[PDB]
Each structure stands twice: as structure tokens, then as C-alpha cells.
Amino acid sequence: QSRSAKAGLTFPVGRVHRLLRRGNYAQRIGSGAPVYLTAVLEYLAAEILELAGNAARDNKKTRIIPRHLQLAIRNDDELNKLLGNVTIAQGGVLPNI
Amino acid sequence: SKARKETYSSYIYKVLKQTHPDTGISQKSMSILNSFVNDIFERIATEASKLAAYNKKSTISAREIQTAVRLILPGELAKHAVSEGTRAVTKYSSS
DNA sequence: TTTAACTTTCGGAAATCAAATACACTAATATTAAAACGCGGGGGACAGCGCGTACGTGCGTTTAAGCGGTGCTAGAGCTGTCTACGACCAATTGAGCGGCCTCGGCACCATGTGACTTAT
DNA sequence: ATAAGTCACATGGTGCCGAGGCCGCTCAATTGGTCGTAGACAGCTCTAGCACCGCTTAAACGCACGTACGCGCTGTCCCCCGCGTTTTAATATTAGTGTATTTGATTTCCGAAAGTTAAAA
């Protein structure tokens, strides 16, 4: 059984583990840290892609595009603080009214 | 030659299947969301281990990651993030 | 008395050497989407102004801010001591896709005995 | 009549052709197990906090009020552009060469590790 399955997560906890090892942040790593980080990343990804899917519903098409993503990220006022520095590829810019 | 490139695209698509089963993803959008998780991973891990160095403690651990996420995320998202991290690690430790 | 630099080594790193792609650019080409010349225009942004206004400008009596004693205790920082917990090794798996096989089924030649027959 | 013999019959079996049925080798990362050490801890003492009074008079707030100041005002200057027009240069096509990268085999490189000791308030 996989670590992601035992956690109930979809994301690769083992990959996050090995990447923490690659990123040389600290020599000793708690075993709970990679799973916690993977859960956080999965939550953030799920939230942003759900917002993008609802934006696609607003645009009346069944495939996510960078415009949907940019609109969602700019409109959500908390994720706009989280990614205030980011500008999206083929994402555009939001209207004045 | 070309080495195999790391990606989370399969997991992103699977969680989109869970959310909206009828919806697909464009290639540019998929690259965008693949970059999302790596960017977040870095800006969490660097801050967390810097905080560990401030503690002058050897181990980066769950408390360090929890503090790092709640530091850097905006608060409204931070509450959800810490709750989900805590419940996920609890579910794991219950194995 | 505690923070270093000698050292004494060594086994992964960071050079080298090489050929395998492969990609950039330096470049012809007719088209052709946008540039940029060219005159009014609205429209607006600034000149000039009255008088209302609003934040300073100016006095009286307050208020807090600042000391200045009077504790006293809550943490600072430090635990001296017991693990746990995770970093390593490896085994302890496994699954997926090639490999042998080996099933049974065909086409083909061998072998014995029942007719019968004949010259025994 | 019958031992020899020919003969056809009947069954034997040997050979080759798929083929569906097990099997063999490898690498993922799990988890099993095990050393050794961060971690929380064990008596602890004293720090700078933070009250807890107990003054003083320096700020400060309101009391008055005053030029300064604002804010639309208002002739009018001006300039931006909405087009209309010629240009005009932006397409976006092929291209091979000319390194650009590049990925093998080392092959030295060098600093983390292990002593040994210099130095150090």
C-alpha cells in the first residue's frame, strides 16, 4: 500500500519526501512533515482548480484554460494575496468594472 | 537525449475528475498547475527550515511546517491549510 | 578553560574528453495587417476668480506621561536524562512483458493378424 | 490340410504445427529492523516584566479665531484623436549551418570525516 493511499491523499507523499531531501532545507526531516506538506499542496491545488472549473462554467465550456485560471486567481481576494506577484501565461488582465 | 521530467499533472487531473468529472484541462493550464505546487513547495520549505534554524533545532518537523504555512499563507486560506494538514497527518499516524 | 586548525584520508564530486543530435539564425518571399501621415474636434484643462472654509493659528485650563519608588513573579534560559525517531540498509516484496513450452491434432509410414489360398 | 504365402485390413506411432499456459528476469519503494543521536525533559534560579503605587508638570485638549486657503469658477486655449488615408513593415513562411547542448568514461578534486592539537575567554 502506498503512502498517499494510507494518508487518503491523491498527491505523491513519497515524491514530496524525496524532494525535501533534494531541497537541502534541513539534514533531519520529521516523517510527518512531508505528509503535512503534501496535504497542504493538495488542498491548494484542489481549491484553485475548483475555482477555475467554476470560472469555466461561467464561460460555458468544459475545459480549463489559462484565462479561467487567471480570472479565478485574480478574483479570489485571498489567493490574490497568496499569488499577488504572479502573472499567468496567456492569463490576461481583469476589467475596470 | 531527454530525461523523464517530474510532474504532478496526473494527480491534478485526477482531483479535477473528483471535482468536475466532465471537465478536461488545456496543456498550458496543466503546465500552470504543475508549476503551482512546486512554487508553493519551495516557498513553504525554505521558510520552514529558516524558522527551524531560528529555533537552532536540528529537525524540520510537522510543527515547523505548520508554523511556516500559517505564517506565509493569507489567514483565510491558512486556517483551511492547517486544518487539512493536521487531519491528514493524524489520519496517517493512525495507520 | 572552549573555539578552532592543524592535519590523515578518501570516495564521491567536478573536471575533462567525445559525438549525437538539434536547434538558431541568417535569409528569401509575396502578401497584407497594421503604421503613420494628415486635417478637424470636443473636450477639456487650464486661466482667473469669489468667498466660503478648514486647518492651522493662538490662549486656558486641564490631563496624562513621565518619572520614581515598591514589589514579586512569571517565565529566560537551562536544564541533566531518558528515549524515539528517523536515517540506513535490504529484503521484501512485486508485475509486466518477453520465453519456453506443451497441449492435442493433424498427415504419414509401420507392424500383426484374419482371410484365403495355394501349392503344398 | 495345411505351412507357407499374398493380401487387405485394422490399429500403431512417429513426426511436425500452432497456442494457449504457464513462467523468468528485473527494478519500485515498502517495510523490516537497528543503531545512534536529537528530542523532550529535571530540578532551577533569577530577568526584565510588569505591575503597583505615588508623586510632578509637560503635553494636550479644548477655547477662540484667522489668515490662508479650496474649490468650484470660467473664458479659452489647445490637443487628442477618429478616422481617412497611403504607406509600411509585420507578418510567416523554409534552411542548413554552425555552434550548442550533451552524454558518455573517466579522472582527478577536494572537503567531509577522523584524528591531533592549536588556542581561548
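Start at 1 and count along the chain as shown; that gives each residue its number.
Yeah, the Cβs are placed from backbone N, Cα and C, and that goes for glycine too.
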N6-succinyllysine: annotated position in Swiss-Prot, out of B:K14, B:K57: B:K14
Rounded distance in angstrom between the Cα atoms of B:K14 (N6-succinyllysine) and B:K5 (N6,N6-dimethyllysine): 19
Filtered B:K2, B:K5, B:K14, B:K91 - recorded positions with C-beta under 8 A from chain A: B:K14, B:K91
Cα separation, B:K5 (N6,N6-dimethyllysine) to B:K91 (ubiquitin cross-link) (Å, whole number): 31
Candidate with sparsest Cβ neighbourhood (10 Å radius) among B:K2, B:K14, B:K91, the listed recorded positions: B:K2
Proximal but sequence-remote residues of the same chain as B:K5 (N6,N6-dimethyllysine) (Cβ under 8 Å, at least 6 apart): none
